[PDB]
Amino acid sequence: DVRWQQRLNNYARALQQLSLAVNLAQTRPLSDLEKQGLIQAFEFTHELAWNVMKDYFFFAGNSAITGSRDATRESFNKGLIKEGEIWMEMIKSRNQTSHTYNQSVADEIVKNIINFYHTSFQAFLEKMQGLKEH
């Protein structure tokens, strides 16, 4: 039923595609359309991240988690993530998705993806990969 290590496998696959786009941005500016794609990749990577969180705490007997905010708070309190505000900012970015046809909105989410979220995603991957081995 609930299998947090399988969810982690898909999270890694999604993050690898986000990493491709984040690396591309270091070689040249992204077009407006590529920025929309970077946002889409952030969205499917973040969605998997907090569902890994939810799945992991279900094993611990926690059935009270229902969304990304609940999952992010429990992860911070249990030490799975260190940058609590950044992970909460990700949720704000998710809630701005419908408005990214405004370049100011798209550009803000892209700057956060490149300068903060990707690093946090990689740290969470490494954290959970260690816990799986245990």
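Quick note: we count residues from 1 along the sequence shown, nothing fancier.
- Stretches compared: 37-45, 102-110. Higher mean C-alpha B-factor in the entry: 102-110.
- For the segment pair 74-82 and 92-100, the entry gives 74-82 the higher mean B-factor, averaged over Cα atoms.
- The deposited CA B-factor of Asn62 belongs to the highest third of values across its chain.
- In the deposited entry, the Cα temperature factor of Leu18 places it in the lowest third of its chain's modelled residues.
- Among the modelled residues of its chain, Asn51 has a C-alpha B-factor that falls in the lowest third, as given in the PDB entry.
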